[PDB]
């Protein structure tokens, strides 16, 4: 599971950044995203799936605030049987791993 790009850099005054989650594994993955800063950041989507050899776009929207270093943590796990919506399914699965995307809001 990779993220292209693996790091985020946005203007502290405001902006948007798109990262493509890539699953090079042989099974579908379910993921949940948590931000270290829910004040100046909005993440879309927070829950989702990434198919084998497939990808999922995650948009990071930044609003005005003080420059600062933050982190976007992506918790993931094997997607269960026939889950159709990640959030519902994430309710019964314990994450298997996490990848962190740093977010640098600069002046």
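Residue numbers count along the first chain shown, from 1.
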Next item on the list: Please work out which of 78-86 and 35-43 has the higher mean CA B-factor as recorded in the PDB entry.
Entry: 78-86
Margin query: Per the record, averaged over C-alpha atoms, which has the higher B-factor: 87-95 or 12-20?
Written below: 87-95
Note to self: Lowest, middle or highest third: which one holds residue 58 when the chain's residues are ordered by CA B-factor from the entry?
What the structure shows: highest
Check: Against its chain's modelled residues, does residue 107's Cα B factor rank lowest, middle or highest third?
Finding: highest
Margin query: By the recorded C-alpha temperature factor, relative to the other modelled residues in its chain, which third is residue 1 in?
Written below: highest
Notebook entry, point to check: Is the Cα B-factor recorded for residue 26 in the lowest, middle or highest third of its chain?
Noted result: lowest
